[PDB]
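The next block holds one structure in the form of structure tokens; read it before the comments.
For the numbers below, each heavy atom of this structure counts, side chains included, while hydrogens, waters and symmetry mates do not. Counting starts at 1 for both ligands and their atoms, following the listed order. Just so we're on the same page: letters track the sequence lines, and every chain starts at 1.
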Amino acid sequence: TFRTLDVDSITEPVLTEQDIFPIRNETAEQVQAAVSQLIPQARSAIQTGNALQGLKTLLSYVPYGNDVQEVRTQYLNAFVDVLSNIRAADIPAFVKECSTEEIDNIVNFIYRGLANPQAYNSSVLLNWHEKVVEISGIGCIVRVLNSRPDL
Amino acid sequence: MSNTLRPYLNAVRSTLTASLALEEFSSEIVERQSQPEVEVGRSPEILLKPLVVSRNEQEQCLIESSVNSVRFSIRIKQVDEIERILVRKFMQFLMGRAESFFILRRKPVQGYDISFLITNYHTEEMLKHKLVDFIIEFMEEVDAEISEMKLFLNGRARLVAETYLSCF
Amino acid sequence: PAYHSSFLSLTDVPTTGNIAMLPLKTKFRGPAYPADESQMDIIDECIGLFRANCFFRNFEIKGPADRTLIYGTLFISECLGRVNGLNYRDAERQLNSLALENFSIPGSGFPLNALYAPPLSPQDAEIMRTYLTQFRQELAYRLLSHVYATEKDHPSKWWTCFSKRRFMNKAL
Amino acid sequence: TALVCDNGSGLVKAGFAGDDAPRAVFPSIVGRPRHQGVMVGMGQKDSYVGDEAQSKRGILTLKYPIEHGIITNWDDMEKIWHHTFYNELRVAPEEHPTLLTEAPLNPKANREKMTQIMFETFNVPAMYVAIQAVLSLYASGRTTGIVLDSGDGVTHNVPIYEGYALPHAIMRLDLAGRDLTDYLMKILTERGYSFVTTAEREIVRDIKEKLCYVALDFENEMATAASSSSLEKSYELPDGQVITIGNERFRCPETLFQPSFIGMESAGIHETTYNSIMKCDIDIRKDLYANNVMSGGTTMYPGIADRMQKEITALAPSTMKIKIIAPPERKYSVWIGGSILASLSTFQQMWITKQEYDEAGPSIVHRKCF
Amino acid sequence: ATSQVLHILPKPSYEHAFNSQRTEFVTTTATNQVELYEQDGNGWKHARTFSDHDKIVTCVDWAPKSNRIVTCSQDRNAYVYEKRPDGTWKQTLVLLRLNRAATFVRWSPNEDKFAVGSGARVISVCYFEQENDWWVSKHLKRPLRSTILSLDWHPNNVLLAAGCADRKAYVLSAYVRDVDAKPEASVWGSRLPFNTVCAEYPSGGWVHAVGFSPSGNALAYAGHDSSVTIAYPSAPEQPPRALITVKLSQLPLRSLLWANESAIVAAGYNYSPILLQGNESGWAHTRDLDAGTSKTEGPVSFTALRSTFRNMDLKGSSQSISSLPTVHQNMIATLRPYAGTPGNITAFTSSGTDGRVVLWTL
Amino acid sequence: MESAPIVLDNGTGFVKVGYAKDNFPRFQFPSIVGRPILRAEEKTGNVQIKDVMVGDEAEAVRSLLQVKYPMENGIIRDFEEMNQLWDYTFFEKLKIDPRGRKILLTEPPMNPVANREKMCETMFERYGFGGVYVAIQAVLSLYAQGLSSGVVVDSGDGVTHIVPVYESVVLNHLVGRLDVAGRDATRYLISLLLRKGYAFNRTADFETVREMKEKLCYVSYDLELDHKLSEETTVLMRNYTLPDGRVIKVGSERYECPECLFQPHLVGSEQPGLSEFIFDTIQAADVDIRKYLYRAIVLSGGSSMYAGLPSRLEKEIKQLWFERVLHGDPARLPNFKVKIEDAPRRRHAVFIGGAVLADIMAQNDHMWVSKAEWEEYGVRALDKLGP
Ligand SMILES: Nc1ncnc2c1ncn2[C@@H]1O[C@H](COP(=O)(O)OP(=O)(O)OP(=O)(O)O)[C@@H](O)[C@H]1O
Ligand SMILES: Nc1ncnc2c1ncn2[C@@H]1O[C@H](COP(=O)(O)OP(=O)(O)O)[C@@H](O)[C@H]1O
Ligand SMILES: [Mg+2]
Ligand SMILES: [Mg+2]
């Protein structure tokens, strides 16, 4: 019977996410190289005990795209490993000196971490969430709700 | 209860309260109608990105959000088979009353134990800070409610044992 | 449904407001035209229908004959309120006193002032009162022949039970 | 909404749940003519009720269908309930639930006939019978206290702690405002004035309601009145002749503190209140002493709260604060608290319903109204 | 900044408009009705309803000089209301030709036309023809891709700004011949025919609010990402001099109003008017106009006795639920001039989902 | 007022009345007649009830009346009550003397001939109209559009009927009745609310559920989506307060009630619903005119006013052409153009088009059936009024 045939999907094509969010102006191998330069700096900053500078350097660029899940998950592995190695007393002094765009990137990537607890320690991500929202306010979560879907 | 749950329920509270910036919005696909857009998904520009808050692999929130509606869904602690039965049936009595708890769904979304739909109309006609207080007070107490139900089940298993075994 | 007046089948009947001044068998003084003593009239009908009609809770009025049957039906409910515990003689004097005492006509505390018309002139009011006083005196006298049919010093319980059966939830 | 009908011994107090005060308040009286009805017509009736009986009283024998909180005449009590619904509130009782009230330690049959007449005569959709002192505690904004309620026919003490009543500690005393009116007739006779008829009993009730008061120390007041004109003052009868009284103004109410004035062998209202607190468990007594709640018209005397506090302070140990709560609206606190209760949402599940009465008979009240 | 609560409406109030003399106001309740309120000493009284719409009224606007009310609804219609000599209002249906709901409406500065935003991917620019006695509608449609959430008119009668759910703020020519005289040359353009596009500015979230500067030389707009962006154009086919975004710490602004050429008031889901100040060198959130941003025994009545037992029964305890510290108890939906010359707004009004109508003095 | 021809849409649920060149009904009121009743209900001295009470006088006061409808399914069921509507319409709504006036009447396309005959007889022999014209209701709804081709579908209280028109020729062999309309949807809402334990069996309560339906019902665009919002969610739930003051809760019944237009089997009919009735009608037209009928599917009448009905109808015709013409091949579906015409005024398009047609023939005195022609030919005078 006719009632179940989807005509709308072919007679009125809906907006795509790239009609809402601008296309990435970098190729997949170009962003994969840019992150592969940063992950070794982020790992090295843990060994010198400077994990705060490990985050400040890792956070200087972020990968996005549905074509880059492998390097997005490698960047998230490094991000959660860096956040797990910062001492909990350093967080308030570091968060107040981040820009609004660095804060937006921190609260975005703690959200990607909280989505996968079998890989990532939620206990440190929730501690970071409490302190980032306490110091920078509710609007940083509002910017994550509104953020791009391929971050 | 909130010493172990405090970091988690603070992240849930903060992001549920950010997510409830709701508005009246009529459908772009149907004329003279409005629908909770998170529940239909037919126009993606007015959907906000779905956020997961999590304590544990077993204890999770999904917050789905839109111009006129939030869907909030939770996985709750079920560490043994008694708790799997007790939780499932408690959520079925609680969702069976959903007309009187106006922000409940009648069914959970798949892979979640209970679910809530807060619409534009609920933020207009109810105190929305008391809606997020009800969500977090439900999440704070449900583990103590379910553990007390397995104490009542233990206490009855003793009642029938002592009644039976004392009439030889 | 409920039972309507057979006298709704009459035509060119005298009228006041929108009561029908129907032919009446009676010995009381007043304006009502003498009925045949051999045939049922509106009071033999009104008492004969009352104890069925007082159970219905819906009634559509066909004309001025039914407006007259309704006023009678409401007055039988008043009589069965007045009559209780009396001897037949005390009941005749009490229910004549009830029939004679000053009552509201339609167009004045009347309970059905939406369904009944006011009197059509200052003189129509006097013919409406002088008809309704004669009618309700006869209606009282006739009812007592039924409620004191088998015994004479106590009203029949088979009639006193309708004393709270308030027709359509209306009373005078 | 629901009706609240505090059908007390001396006044019927009636109205709607959620109203600030009762909108029907009238004598709990049926009057019947005692003289030759000679003029034909004249708007005469077989009997009169409430304010109509009270205004015609010079030609009527007046009687209350309720005495000591018990219905003695059900035919006249139906006449009063009919007057509440159809004349005084102007409602169909078949459209409204009714909250009724009674004093504790009443006959079981009083509750049964009261539920039967409400469902079978007045055709009510639902009803409940509340204890009057439990209602008076809602009107206090309290969930613990001891309520001393005294009406026209009965005085009672009910202690409640955190919403639990202690039913073993409940006291009843069949002495209240009608016994004080009868005693005021007995002692007015000593100064020169005889009041004898059921109509003259309403004149001396009106004297009691505005001349009488409670002395803080009875023997000092009695000596002050025996030695000065200063306690004496006057009242004008319907006949325009004047009554002067002195120690009768505080001797009448003192019968609540000294029941032996009317020949009773009982503790006064102060010591009956203390005996009720002392029947309660030892940990609750402190909060009962701090929450003595006064109610009913027989608590409306000037000085009675100051006297009640003085008398209970002598009985209790000095180590704690006795507090007497006597609101200016305590004339109506049972009705006020009934209008609170009848407007609560859990109470909407506590009603006896028509269907449930029809299935069970009038015994349903004993297994639902406590 | 002083605030005064003028009235509490019984139902939500997404829009209100005062007349020119501030002596009556019109408001959309959340129903198909519109409420007209008159002064009553220092209070207000419900003078009349309008109820010509079938579904929920979304927006309403009152023309200052010509004294006409225009109303829009989810029924896809508009009605214009005009005052009769006897003091009643004449309704007039406008055929908007919209496929979906009307969402937002504004009268033009000369009041000779109005524009209606829609969920239909279009804006109905409506004008009157004396030759036909009709209101007739022109569709702006070229760049618009989603629901139009808000409109504003440039101080010159031609240019229309639009905030859209596609995360963009548009500046479009709504020039209509035999209504408009030719527009003067401007920073937005000079060759300016109907549906020419002067800007397509991006946002981080849905553009709830748009507003031209009092001189028309800049556009402010507010996004659902809790930002206000201020755009300074250069010329046609050329990028802006500055495109300054200030990101707020609070919930999003839904409404927006220039106080002067160097200051903006904005309000929304934060429940509070904020002040932003700046110029083409930079902008900053500078004040909150509501002091409530700082989070700041006797006889007892029957309604307190009864409500404390109803609270014990229905809720956890006797204790009443506290007010929010802001004057508005729910999101503040619209933000409109009340006093001062254009370019120097001295006071403004707000209405909210809590039904409060509130006056603010700067 | 004016000497113009009177136009009367004597519809099954509502009378609408006025004159040639009126842009809207001069009056509109329920086509109801009331008799006095008492019903264990409220009474007051603040009103008076006459032995016949009709239209707005009945509808404002209906708690006090036995309400009856002189019409059902587009035909007069009782001419004695229809005489009381027409007396009210002319003598105390319009406040006119009909003597020698010309009147335009309306009816649906497949009525019994006795309906038009006894209706024209009444105009000539009760009222003494000097001439009559009787128009097919759906061709008037095309005059309101200012339009000469398209398929016009009119759904009122009594009947849903369809009339294809091409280049001003009316395709009389293709016209049809779907015997489901606003009264069947209202009777179905009573049946659906009875499953929820509510009752509406009094003659006065039919107007209460009509107002409830007219306020709260909508057409589901996607049935499995509205069933999901219905069974998984409480968002469809709504409260309605009756004129009693009683409150009722309504949920799935809001989309489930008007679904009987699109699925007539829900009310026991075997006919195809709106979309399939319109498609089977257009698809029976000749190859050269099918495109012009699909490009102008004109909705009319109050039962076309449910929220989402145009959206559902357009979709469901695209979806039915995709099943029955393309056999499920997507490649040609974008090339199929359909346009539902869904004007704001369309509840009154029959009146508004009657007010146009009555002006077009006002000066052409030969176009009307005359009283002098009726009294010499009888019912054969009506043979002027088309095939
Ligand atoms: N907004 C609406 N939503 C749903 N139903 C509506 C709406 N508006 C009107 N109706 C319904 O339409 C019907 C009245 O329409 P209309 O006036 O066109 O019928 P009619 O002309 O009297 O009937 P008919 O043409 O069959 O003789 C009623 O059932 C009414 O409830
Ligand atoms: N001001 C007063 N002073 C003294 N006695 C009063 C006063 N007001 C009322 N009373 C008495 O209280 C009694 C009525 O009180 P009430 O609480 O209504 O009793 P009840 O409920 O039992 O009918 C009567 O004896 C009356 O005279
Ligand atoms: Mg008492
Ligand atoms: Mg019709």
Practice problem: Would you please determine whether F:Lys16 falls within less than 4.0 Å of ligand 1 on a heavy-atom basis? | Solution: yes

Practice problem: Identify the protein heavy atom lying closest to atom 7 (C) of ligand 1, giving its residue, its atom name and the separation to 0.1 Å. | Solution: F:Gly302 O, 3.5 Å

Practice problem: Enumerate the atoms of ligand 2 whose separation from the nearest heavy atom of D:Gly177 is less than 4.0 angstrom. | Solution: 25 (O)

Quiz item: Are F:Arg187 and F:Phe200 in a cation-pi contact, defined as NZ or CZ under 6.0 Å from the six-membered ring centre and within 45° of the axis?
Solution: no

Self-check item: ligand 1 N/O within reach of F:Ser155 N/O, cut-off under 3.5 Å
Solution: no

Exercise. Quick one: look up the protein heavy atom nearest atom 31 (O) of ligand 1 and list residue, atom name and how far away it is.
Key: F:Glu214 OE1, 2.6 Å

Quiz item: What is the closest protein heavy atom to atom 2 (C) of ligand 2, and at what distance does it sit?
Solution: D:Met300 CB, 3.6 Å

Quiz item: Is ligand 2 less than 4.0 angstrom away from at least one heavy atom of D:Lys210?
Solution: no

Exercise. Return the residue, atom name and 0.1 Å-rounded distance of the protein heavy atom closest to atom 8 (N) of ligand 2.
Key: D:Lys331 CE, 3.6 Å

Exercise. Evaluate the ring planes of F:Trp86 and F:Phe79, with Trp represented by its six-membered ring, and classify them as parallel (under 30°), tilted (30 to 60°) or perpendicular (over 60°).
Key: tilted

Quiz prompt | D:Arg205 neighbourhood, listing ligand 2 atoms whose heavy-atom distance to it stays under 4.0 Å | solution = 27 (O)

Self-check item: Least distance between heavy atoms, F:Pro108 atom then F:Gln137 atom
Solution: CD-OE1, 3.5 Å

Practice problem: May I ask you to list the atoms of ligand 1 that are less than 4.0 angstrom from any heavy atom of F:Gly13? | Solution: 20 (P), 22 (O), 23 (O)

Practice problem: Cation-pi check, F:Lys215 to F:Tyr240: give yes when NZ or CZ is under 6.0 Å from the six-membered ring centre and within 45° of the ring axis, no otherwise. | Solution: no

Quiz item: atom 22 (O) of ligand 2: which protein heavy atom is closest, and how many Å away?
Solution: D:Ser9 OG, 2.8 Å

Quiz item: Could you give the distance from CG (D:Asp206) to CZ (D:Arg201), rounded to the nearest 0.5 Å?
Solution: 13.0 Å

Quiz item: Is the distance between the ring centroids of F:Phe24 and F:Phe351 less than 6.0 Å?
Solution: no

Self-check item: Side-chain touch D:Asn73/D:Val30, heavy atoms, less than 4.5 angstrom
Solution: no

Quiz item: Closest non-hydrogen protein atom to atom 25 (O) of ligand 2, residue and atom name please, with distance?
Solution: D:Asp152 OD1, 2.6 Å

Practice problem: Please write down residue, atom name and distance for the protein heavy atom closest to atom 27 (O) of ligand 2. | Solution: D:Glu209 OE2, 2.6 Å

Quiz prompt | Cation-aromatic face contact D:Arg178/D:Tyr64, 6.0 Å, 45 degrees | solution = yes

Quiz item: Could you give the distance from SG (F:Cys260) to OH (F:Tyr188), rounded to the nearest 0.5 Å?
Solution: 7.0 Å

Quiz item: Less than 3.5 Å between some nitrogen or oxygen of F:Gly74 and one of ligand 1, yes or no?
Solution: no

Practice problem: Kindly give the heavy-atom pair with the smallest separation between D:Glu221 and D:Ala215, and that separation in Å. | Solution: CB-CB, 3.7 Å

Quiz item: So is D:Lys13 in contact with ligand 2, going by heavy-atom distances below 4.0 Å?
Solution: yes

Self-check item: F:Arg347, any N or O under 3.5 Å of ligand 1 N or O
Solution: yes

Quiz item: Under 3.5 Å, N or O to N or O, is F:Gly158 touching ligand 1 that way?
Solution: yes

Quiz item: Can you find an N or O of F:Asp157 that's nearer than 3.5 Å to an N or O of ligand 1?
Solution: yes

Self-check item: Non-hydrogen atoms of F:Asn111 and F:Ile75 that approach each other most closely
Solution: OD1-CG2, 3.6 Å

Quiz item: Has ligand 2 got any nitrogen or oxygen that is less than 3.5 angstrom from a nitrogen or oxygen of D:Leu11?
Solution: yes

Quiz item: Is the backbone N or O of F:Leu309 less than 3.5 Å from a side-chain atom of F:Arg312, with the two atoms forming a donor-acceptor pair by type?
Solution: no

Quiz prompt | Interatomic distance, F:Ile340 atom CD1 to B:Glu31 atom CD [nearest 0.5 angstrom] | solution = 10.5 Å

Quiz item: Under 4.0 Å from any heavy atom of D:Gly296, which atoms of ligand 2 are there?
Solution: 17 (O)

Exercise. Looking only at protein heavy atoms, identify the closest one to atom 1 (N) of ligand 1 and say how far it is in Å.
Key: F:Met305 CB, 3.5 Å

Quiz item: Looking only at heavy atoms, which two atoms of F:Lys213 and F:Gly182 are closest? And how far apart?
Solution: NZ-O, 3.2 Å

Quiz item: Which atoms from ligand 2 have a heavy atom of D:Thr298 less than 4.0 Å away?
Solution: 12 (O)

Quiz item: Any N or O of D:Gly153 that comes nearer than 3.5 Å to an N or O of ligand 2?
Solution: no

Self-check item: Proximal candidate to atom 24 (P) of ligand 1 [heavy atom criterion; set F:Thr12, F:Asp184, F:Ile75, F:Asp154]
Solution: F:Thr12

Exercise. Return the orientation label for the F:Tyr255 and F:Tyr218 ring planes: parallel under 30°, perpendicular over 60°, tilted otherwise.
Key: tilted

Quiz item: Of all the non-hydrogen atoms in the protein, which one sits nearest to atom 4 (C) of ligand 2, and at what distance?
Solution: D:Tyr301 CE2, 3.5 Å

Quiz item: What about D:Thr181: any of its N or O atoms under 3.5 Å from an N or O on ligand 2?
Solution: no

Practice problem: Can you figure out which of D:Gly69, D:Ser150, D:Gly297 has its heavy atom closest to atom 17 (O) of ligand 2? | Solution: D:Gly297

Quiz item: Purely on distance, is any nitrogen or oxygen of D:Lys208 under 3.5 Å from one on ligand 2?
Solution: yes

Quiz prompt | Aromatic D:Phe257 / basic D:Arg307 pairing, under 6.0 angstrom, 45° off normal | solution = yes

Quiz item: Has F:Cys217 got any heavy atom lying under 4.0 angstrom from an atom of ligand 1?
Solution: no

Quiz prompt | Nearest heavy-atom neighbours spanning F:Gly273 and F:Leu178 | solution = C-CD2, 4.2 Å

